[PDB]
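*Asks:* Chains as they are written, first to last, in the deposited numbering: chain V, 73 to 199; chain J, 1 to 67; chain A, 245 to 292; chain L, 26 to 70; chain B, 36 to 1149.
Even for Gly, the Cβ is constructed at its ideal location relative to N, Cα and C.
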Amino acid sequence: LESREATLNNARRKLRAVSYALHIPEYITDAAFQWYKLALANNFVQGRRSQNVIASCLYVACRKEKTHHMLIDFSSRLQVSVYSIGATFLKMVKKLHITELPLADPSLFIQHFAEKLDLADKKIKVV
Amino acid sequence: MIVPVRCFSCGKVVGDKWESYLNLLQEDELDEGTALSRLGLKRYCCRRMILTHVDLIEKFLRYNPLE
Amino acid sequence: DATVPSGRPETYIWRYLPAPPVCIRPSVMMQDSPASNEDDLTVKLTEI
Amino acid sequence: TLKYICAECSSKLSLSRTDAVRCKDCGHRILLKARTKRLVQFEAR
Amino acid sequence: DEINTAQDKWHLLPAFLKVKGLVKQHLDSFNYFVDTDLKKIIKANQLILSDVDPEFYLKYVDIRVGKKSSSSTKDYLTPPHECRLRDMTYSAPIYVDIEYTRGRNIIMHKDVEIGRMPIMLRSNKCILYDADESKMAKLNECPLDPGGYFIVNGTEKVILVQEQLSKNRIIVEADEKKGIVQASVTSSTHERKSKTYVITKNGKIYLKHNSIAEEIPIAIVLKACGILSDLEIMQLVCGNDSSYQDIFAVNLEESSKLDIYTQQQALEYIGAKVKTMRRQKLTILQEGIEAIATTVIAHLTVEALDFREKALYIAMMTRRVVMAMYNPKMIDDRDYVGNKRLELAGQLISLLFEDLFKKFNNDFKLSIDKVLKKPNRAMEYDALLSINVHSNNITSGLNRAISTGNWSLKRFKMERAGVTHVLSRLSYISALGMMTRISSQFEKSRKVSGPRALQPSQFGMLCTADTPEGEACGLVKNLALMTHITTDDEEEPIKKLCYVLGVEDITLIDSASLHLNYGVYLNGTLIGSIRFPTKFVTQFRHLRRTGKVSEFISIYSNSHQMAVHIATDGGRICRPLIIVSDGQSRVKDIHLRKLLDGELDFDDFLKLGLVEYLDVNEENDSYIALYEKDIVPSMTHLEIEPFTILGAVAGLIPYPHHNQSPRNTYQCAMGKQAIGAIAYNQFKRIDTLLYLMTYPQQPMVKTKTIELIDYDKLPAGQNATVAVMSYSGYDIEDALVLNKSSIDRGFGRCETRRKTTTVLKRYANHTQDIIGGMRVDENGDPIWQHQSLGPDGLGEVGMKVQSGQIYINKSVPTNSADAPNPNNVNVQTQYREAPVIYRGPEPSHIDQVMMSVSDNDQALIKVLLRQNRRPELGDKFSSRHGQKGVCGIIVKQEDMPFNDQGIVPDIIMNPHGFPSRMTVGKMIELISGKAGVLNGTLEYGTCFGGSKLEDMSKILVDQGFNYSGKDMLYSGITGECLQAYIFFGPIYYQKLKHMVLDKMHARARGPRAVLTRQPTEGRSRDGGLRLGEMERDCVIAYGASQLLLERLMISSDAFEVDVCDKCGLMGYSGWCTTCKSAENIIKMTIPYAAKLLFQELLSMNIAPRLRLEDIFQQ
Ligand SMILES: [Zn+2]
Ligand SMILES: [Zn+2]
Ligand SMILES: [Zn+2]
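1) Ordered along the chain, which non-local residues of its own chain (more than five positions away) have a Cβ less than 6 Å from that of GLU338(B)?
2) According to the Cβ coordinates, are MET171(B) and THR52(J) closer than 8 Å?
3) Distance, Cα to Cα, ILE588(B) vs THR793(B)?
4) List in chain order: all unbroken alpha helix (DSSP H) runs of 4+ residues lying wholly within the region 1035-1096 of chain B.
5) Less than 8 Å separating the beta-carbons of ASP766(B) and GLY923(B)?
6) Taking 7 Å as the cut-off, does the CB of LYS86(V) come closer than this to any heavy atom belonging to ligand 3?
7) Short of 8 Å Cβ to Cβ, which residues in the region 831-853 of chain B face chain A?
8) If you count every other CB in all the chains shown that lies within 10 Å of the CB of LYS664(B), and 16 or more means buried, which is it?
9) Under 7 Å Cβ-Cβ, which residues of chain B neighbour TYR44(J)?
10) Give, in chain order, every residue of the region 1111-1127 of chain B whose Cβ lies closer than 7 Å to some Cβ of chain V.
11) Taking only heavy atoms of ligand 3 into account, decide whether any of them is closer than 7 Å to the Cβ of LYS1097(B).
12) Looking at chain J, is there any beta carbon in it that lies within less than 8 Å of the beta carbon of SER41(L)?
13) On the CB-based measure, 16 or more other CB atoms within 10 Å of its CB, does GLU325(B) come out buried or exposed?
14) Can you check the region 770-831 of chain B for any beta strand (DSSP E) of at least 3 residues that lies completely inside it and give the ranges in chain order?
15) Identify the contact partners of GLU33(L) in chain J, using a Cβ-Cβ distance below 8 Å as the criterion.
16) Per the contact definition of three or more C-beta pairs closer than 8 Å, is the region 609-623 of chain B in contact with the region 655-674 of chain B?
17) Which residues does DSSP pair with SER846(B) in a beta bridge?
18) I'd like to know whether the C-beta atoms of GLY183(B) and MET470(B) end up nearer to each other than 8 Å.
19) For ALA89(V) and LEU420(B), I'd like the C-alpha separation in whole angstroms.
20) Does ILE144(V) come within less than 8 Å of chain B when only Cβ atoms are used?
21) Would you decide whether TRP819(B) is buried or exposed? Buried here means 16 or more other CB atoms lie within 10 Å of its CB.
22) From which residue to which residue does the beta strand (DSSP E) around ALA755(B) run?
23) Start and end of the alpha helix (DSSP H) containing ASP636(B)?
24) Between the alpha carbons of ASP882(B) and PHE185(V), how many angstroms are there, rounded?
25) Ends of the beta strand (DSSP E) at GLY967(B)?
26) Keeping to the same chain, check which residues put their C-beta closer than 7 Å to that of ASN374(B); ignore five residues upstream and five downstream.
27) Between the beta-carbon of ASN428(B) and the beta-carbon of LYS394(B), is there less than 8 Å?
28) For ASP1033(B), which option in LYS965(B), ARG904(B), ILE262(B) has the closest C-alpha, if you only look at C-alpha atoms?
29) Counting only runs that start and end within the region 128-215 of chain B, where is the alpha helix (DSSP H) found for 4 or more residues in a row?
30) Suppose you measure from the CA of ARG204(B) to the CA of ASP294(B); what does that come to, to the nearest Å?
31) Decide if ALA1015(B) is buried, meaning its Cβ has at least 16 other Cβ atoms within 10 Å, or exposed.
32) Please classify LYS12(J): does DSSP put it in a helix, a strand, or coil?
33) Below 7 Å, is the gap between the Cβ of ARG43(J) and the nearest heavy atom of ligand 1?
34) Report all residues from its chain with a CB closer than 6 Å to the CB of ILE601(B); omit the five preceding and five following residues, and keep chain order.
35) Using 8 Å as the limit for Cβ to Cβ distance, is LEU22(J) near chain B?
36) Are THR61(L) and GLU831(B) touching if we call contact CB-CB under 8 Å?
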C-alpha cells in the first residue's frame, strides 16, 4: 500500500540511522531490511516501540555476519536497559522460527578492542 | 632508464662507457666535452647518447618492495 | 471532408487514446542493480 | 608455491582461503601476488 | 665571476619560485580555509536552540582539523599512495569542542567527531609537508610531484580556478536597438544576490530591479534619499556649462507630474508598487517598507539615518549614463582584464561547507525535540549520543561534490557544474600544466568573438601562447610563470588613513565643487573628493614601499573623468616589478650579490622597497621599461625578466621569438600528449592507462624554463638526427621517413599499461563471490582459456595472455535478490560463471596483480596488464615546434644516405614545410644542437634571448664542418654524391599519443541497437559508421540511384513489413487486426526506421494510410 510503503520509507531512515553511528557497513543494512520485512507482515511491529524493534532486528543481521558488535552498544545510545531490548529480542527469535544462528564467539572481541584502546605500535604481540 | 647498449644511428656499442665517463668526472674533474673524446667517441652521433642520457634507474630502485 | 467514417470533427479531442507497443519504448536494463531503469514514456502513461 | 607477499613488510603469506585479507608481522592490508616459477618464452627483438 | 646588474637580474627569479612556488594559488587558498576560515563559520552558526524546554543550549566554541587536545600528537594517517590503491578518500577528521545543558549541571566536552575533511596534497595538514626524500621514499610518493589535488575514492581530481565579472562594481553598456543598460550586481555574503539596472526608455532615465513590480525614474529615488531641492539633482548629475543639462532636463519635470516635491512624500511612491515579500506577519507601516527599500538595493553601502552616501552613489551611477548618451565612445567592455575576479579553491570550498554545516545543525535540532516532547525523557536525556547519525551528511556531502563536479547550493541557489576535472597523467607537464589554468563562465555571448580574442592588457599577467582550439578556442587560458593572486585585507583602516593625508569628507563638500576637483573612489564608492591628487598618490606609495600599508593595493588614477581609484577587494591578478625612482633605477647590485650569499631573499626585497606588486589597473599609469639600456628620466618600473610572459608548459619551446605565432599555440595542445616519463614511483602505481617510453633523453637545446620546473630531470622524447630533404616520395604532406635499423636499436619503443578491476560483492542473503578456477579435461588442468590463470583463480603474474584466455575467473550466485530463508536446506551448487575475458588484437603480458580491501570490508582485485610495441607506420610523431607527421615508410639502413663518417640519419623530413609554416626555430635548433654535441655542452634556447648565432658558427667551423651546419653526404641507392647540399643535424623529436594499434576498426555484421535496429555507435560498442546527411547529398549529385537504396536500407536497416491494401496500415505476421479478415495483404520491405515512425506518428492521433500501386503496366 501507499501507507505500507510510507511505513517502510520511514523505517528505512531508522536502520540507516544506527548503521551510520556504529560504523555498520552498507551490506548489513540492506541485509537487515528483509528481517524487518518478514516481521512486518507477521504482526510483530504492532504495539511495540518503533525504535525498539529495529535495533533488535539489526542485531540478527550483525550476529549472522559474525562481527565484533555487542548488544549493549545498541541500548546505550537508546538510554534504556540491556534487559529491555534483550527481552524483545528473545520474543523475536523463537516466534519467527530462527533456528540456525552463530554463537557469540569471544575470540572475535580481542582483535577489535586494541585499535581504539590506543596501545603501543607492537599491537600484534598483544593479540 | 639505463644507457642503450648500442647507438641509434650508426650502430656501435655504448654500454661499457657510462661508468667510465662518470669515473672521468668524480676523480680528475674534467670537461664534459674533452672527456668522451679521450674515451673513444669521435663522431657527433654517439656523443648525444651520453650527453643527454637521463639515468632514471638510480631513482626507481629506492622504491623496491623488499624494504 | 466528409465521406470517410473518421471525417467528423468529433475525433479531434482526446476521448480514447491508444497505447504504443513496447518496441517503441523498450524497458532498457542498465544493470546498475537488479532493478530495471524504466523509461520516461511508460511512467507518464501510468500517471494518466 | 611461494604465495602472497606484503607491501612493505614483504613477508610471504600463504593465507587459507575465505579467512582474512590482512598480513602478519604488520597491520598493512595490501597483498601483492608474487611471481610464478613457470618458464615463459620471449623473443630478443 | 664579476657580477653586474645588467644580465643577472634573472638570478632573483629562482629566489621567487623557491620560497613561493608554482602552485601558490591552490595551496595558499585551502591553507587559509583550514586555519582561519573555519572559525568564522561556527562563530556565525553558534547557539543551536530549542523553543520547547527553553533552558537548553548547545554552543560551538572552537573547531579544529586534525589533532585532538588530549594526545596532541601530529596524527596517524592513511598515506596518500596507500589510499589510491584501495578506492578510499584521503581525508582528515573535523574536531569541535562543545558545552551544553545535560541536566542539573552544564557540561563541556571536547573532541566530538562530526565529519572528515578531505585535504589536498603538500598542504601543511598532510604528511607530505616538508619531507626530505627519505620520509617521502618510505611513502613511495614522487618528490617531483606538484601536489594540490584530492584523491577522493580512487580518481584524483583538482578544483579549477574559476573567474567571473567583478562583483560589487558597475559597468557601463551600450546597445542600438535596445537603448543602454547599467548592470550593477552586488553580493553581500548573507542571502543577497541582487543586480540593479539604470535603463533609458526613449530619452528618460529609470531604475528597475527584480523585486520592484515596475520601473522608477531616478528623480524619485534621489528625493527618497534626501537630495530633494531639485537643483541639487542637476548639480550632482550634470555639472555646469555643458550639454549634460540638456539631455537630463526631461527627468526634472517628472517630479512635477507625480507631484511629490518633498522627502517625506518621496518614499511611499516606491513601496506602493514594491513586490511584497511574504513576511508571514506583515507589520507594513507604509513608512518603513520604503525606508528599507533603500536598504535592500545596491548592497555595497548600508545606511544608519541620513541616507546621504547612498544618494550620490546613485548620482555617480547615472552620470555615466548621460555621458554614454553624449557619445557612445565612453562605454566599457566586460572583457578588459581589470574587470575579472579570479577566485581560488579554498575560498570556494567555503561556500559549499557552510551550506553543509547549517544543514547539519538544523537536522540535529529537530532530532532533539522529537525526544524532548516527552514527559519522562527530559531529565537524563543527553544530546551527544545521537550526533553521529547526522555526521554522515558532511562527509558524503563533500565527497559527492568533488567526484561529480556539480555543487548544489541553497544560499545562492546556483548549480555550477564542471568545477572539478580528473588530472591527466599522460606526461609530466600534462599534469602540471593543468594545475595552472582558468575555466571561464561562458555568459552566452556565443555570437561575439570579442571575448574569444586576446586583449593587449595581458602582458605577463597570464600566459599568451597556451590556449586550446576547436570547440574551446578562447575561453580556456593559463597562468604565466610570474603571477600572484591578491587577497583582501580590510577597508576600515585605509579609509581612516586617507583622512590623515589631507582629504575632505563627503558630508561637508559642496556639490558645485565635486566635479571641479577629483575624487577618491573606494571600491567604487566616493568618500573624500581629494584635490591635487599627484601629491596624494605619491605620498601613498611611500607608505606602501616602506611598508605601512599592505602591498596588494592599486592606485589606478584615470583622467577621462575626474576620479582617482583605490582597490583592495582581493581575488585579482598581479605581478611584481622593481621600482625605478628616476633616471637611475633601484637595482643596487650589492643587494643582488648578497642574495646569492643566501641571507637576502626575494621577500626582503619588497620589505625594503625595491620591488612591489602591480596589477593590470596600476599599469594604466606606469611606464614599464624593457631593458636597463632604455632608462629615460621619465621612466618607472623596470621589467624584471621578459621571458616570464610564458608559463611552465609553453616554456619548453626553444627559440620562441624566431618562430611563428600560431606555431606556439599548436605545441601547447600537443606537449600535454607527448609520451615519456611520469614520476619516480611509476612502477608502483596502478592507474587506468599510463603510457611510458623505454629510453628517454633530455633535450639538447634546453631553456631556462625547463630547469625551473625540473623538466629535464624526467624528460619525454628523444632527439633524432634529422636530415631534412625529400626522399622516395613518401614524405609529401608533412609525413616523414625513418630507418628500420634505428628502431631495432630502440628508437621510440613505448609501453602501455591498463588497469582493470572487479569487486566481490556481498549480498542480502549472506552469499559471497568465489574465485574457483582451472576446470580440467583429459589429464590436463588448463583449457586453452586457462593457460595463464594460476592455482588460486587470479591470473598468473609474469606470463602473457592472448584473445580469449580468462585471467580473472569469477562466479556470481543465482539467488541474487531472493529473501533469506532462515534455514540450511539447499545451498551446495548455486554459482554461475561470469569471468573477465581479455579482448584486444595483440597479446599483452600481466605485469602485477594485487588484492586488498576497501574502506568498508568488501574485497578488491586490481590486475594491471602490460604490453610494449614498436613504432610502425601510422604512429604520429612531432617536432616540439608544432609540425605533426604520420610515419610514412620504414626503409632499411643501407638505402638511407650517409655522410663522410658513416652517420646514417634517423629521420628524414621534407623541406616543404618551412616556407608556409615559417618555423625558423627548427633551423636554429639544429645549429645550436649540432654545435653543442661537438663541444660537449648543452645550450640554452630561451625566449627573448638565448644562445646567439654568430658565436655558434665559430664552434661549428673549428671542428671541421660547414659554417651553416649544411653538410654534404652521399646516397645509398646510387652511390654518387647529391647535386645539392643537405641540412643535417640533431633535432628533438618527441613521440605523441594517438597510435594506430588502437585505432584500426573493422565491423562487418555485429551488434545492433534496440530502439533503432541500426549499427551501434562507438568503437568500444563494436562500431559501424555514420553515413550522414552531408554525405547523402554528395551521392545524389552523381545521379546514382541504386547504391543510395543499398547503403541506406539494405546494409543498414532492412525489415520486411506486410501491410494491408485497403485501410492500408501495417500488421503482424498475417493479420490486419483492424479489418479482421486477413485477406488483402501485400508483402513488401521498408527500412525499420520507417516502421517505427509509422507507429510513433500513429501513437498520437495521426493515421498515415498507405496507398499502393503495382510496378508494371503503366
Ligand atoms: Zn653513433
Ligand atoms: Zn606485513
Ligand atoms: Zn486493412
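*Replies:* In brief:
1) Here residue 338(B) refers to the residue found at position 303 when the fifth sequence is read from its first residue. Hits under 6 Å: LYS345.
2) Taking the first residue of the fifth sequence as 1, we reach residue 171(B) at position 136. Taking the first residue of the second sequence as 1, we reach residue 52(J) at position 52. Taking 8 Å as the cut-off, the beta carbon of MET171(B) is found no closer than this to the beta carbon of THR52(J).
3) Along the fifth sequence, read from residue 1 onward, the residue named residue 588(B) stands at position 553. Along the fifth sequence, read from residue 1 onward, the residue named residue 793(B) stands at position 758. In a straight line, the C-alpha of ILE588(B) is about 55 Å away from that of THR793(B).
4) Within the region 1035-1096 of chain B, the runs of alpha helix (DSSP H) that reach at least 4 residues and sit entirely inside it are, in chain order, 1065-1071.
5) Here residue 766(B) refers to the residue found at position 731 of the fifth sequence. Here residue 923(B) refers to the residue found at position 888 of the fifth sequence. In this structure, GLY923(B) lies closer than 8 Å to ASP766(B) by Cβ.
6) Reading the first sequence from its first residue, position 14 is the one you call residue 86(V). Not under cutoff, so the answer is no.
7) Under the 8 Å Cβ criterion, the region 831-853 of chain B contributes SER851, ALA852.
8) Along the fifth sequence, read from residue 1 onward, the residue named residue 664(B) stands at position 629. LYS664(B) comes out exposed.
9) Within the second sequence, residue 44(J) is the residue found at index 44, counting from 1. Contact annotation for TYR44(J) against chain B: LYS965, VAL968, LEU969 [CB-CB distance below 7 Å, chain order].
10) The residues in question: there are none.
11) Counting from one through the fifth sequence, the residue named residue 1097(B) turns up at place 1062. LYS1097(B) Cβ: within cutoff of ligand 3.
12) Indexing the fourth sequence from 1 puts residue 41(L) at position 16. Chain J, which has no Cβ nearer than 8 Å to the Cβ of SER41(L), makes this no.
13) Start at 1 with the first residue of the fifth sequence, and residue 325(B) comes out as number 290. Flag for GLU325(B) reads buried.
14) Scanning the region 770-831 of chain B from its first residue to its last, the whole beta strand (DSSP E) runs of 3-plus residues come out as 771-774, 785-794.
15) Position 8 of the fourth sequence, counting from 1, holds the residue named residue 33(L). Listed along chain J, the residues sitting closer than 8 Å to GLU33(L) by beta-carbon distance are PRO65, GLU67.
16) Using a C-beta cut-off of 8 Å, the region 655-674 of chain B makes contact with the region 609-623 of chain B, since at least three inter-stretch Cβ pairs fall below that distance.
17) The sequence position of residue 846(B) within the fifth sequence is 811, counting from 1. As a beta-bridge residue in DSSP terms, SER846(B) pairs with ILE805(B), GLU868(B).
18) Residue 183(B) sits at position 148 when you count from the first residue of the fifth sequence. Residue 470(B) sits at position 435 when you count from the first residue of the fifth sequence. It is a contact, given that the beta carbons lie within the stated cut-off.
19) By 1-based counting over the first sequence, the position of residue 89(V) is 17. By 1-based counting over the fifth sequence, the position of residue 420(B) is 385. Taken atom to atom, the span from the alpha-carbon of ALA89(V) to that of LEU420(B) is near 12 Å.
20) As a first step, residue 144(V) must be located in the first sequence, where it is residue number 72. Output row for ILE144(V): interface = no.
21) One-based indexing of the fifth sequence puts residue 819(B) at position 784. That one is exposed.
22) In the fifth sequence, the residue the question calls residue 755(B) occupies position 720. Where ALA755(B) is concerned, the enclosing beta strand (DSSP E) stretches over 753-759.
23) Within the fifth sequence, the letter at position 601 stands for residue 636(B). Per DSSP, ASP636(B) lies in no alpha helix (DSSP H) and is assigned neither H nor E.
24) Here residue 882(B) refers to the residue found at position 847 of the fifth sequence. Here residue 185(V) refers to the residue found at position 113 of the first sequence. Near 39 Å, if we compare the C-alpha coordinates of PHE185(V) and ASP882(B).
25) For this step, residue 967(B) is matched to residue 932 along the fifth sequence. Note, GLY967(B): premise wrong, no beta strand (DSSP E); alpha helix (DSSP H) at 956-970.
26) Translated into positions along the fifth sequence, residue 374(B) becomes position 339. For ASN374(B), where only same-chain residues beyond five positions count, the Cβ hits under 7 Å are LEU200, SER201, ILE206.
27) Numbered from its first residue, the fifth sequence carries residue 428(B) at position 393. Numbered from its first residue, the fifth sequence carries residue 394(B) at position 359. Yes, the Cβ-Cβ distance between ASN428(B) and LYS394(B) is below 8 Å.
28) For the purposes of this step, residue 1033(B) is taken as residue 998 along the fifth sequence, with counting starting at 1. The option with the nearest alpha carbon to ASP1033(B) is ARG904(B).
29) Assignment of alpha helix (DSSP H) within the region 128-215 of chain B, counting only whole runs of 4 or more residues, yields 170-173 in chain order.
30) Position 169 of the fifth sequence holds residue 204(B). Position 259 of the fifth sequence holds residue 294(B). Their Cα atoms are separated by approximately 33 Å.
31) For the purposes of this step, residue 1015(B) is taken as residue 980 along the fifth sequence, with counting starting at 1. Answer is exposed; the Cβ neighbour count stays below 16.
32) Taking the first residue of the second sequence as position 1, residue 12(J) is located at position 12. When secondary structure is reduced to three states using DSSP, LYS12(J) falls in the coil class, being assigned neither helix nor strand.
33) Position 43 of the second sequence, counted from the first residue, corresponds to residue 43(J). Yes, Cβ of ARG43(J) sits closer than 7 Å to a heavy atom of ligand 1.
34) As a position in the fifth sequence, residue 601(B) is number 566, starting the count at 1. Correct list, in chain order: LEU557.
35) Along the second sequence, one-based indexing puts residue 22(J) at 22. It does not; no Cβ of chain B falls within 8 Å.
36) Your numbering for residue 61(L) matches position 36 in the fourth sequence. Your numbering for residue 831(B) matches position 796 in the fifth sequence. Cβ atoms of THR61(L) and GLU831(B): closer than 8 Å.
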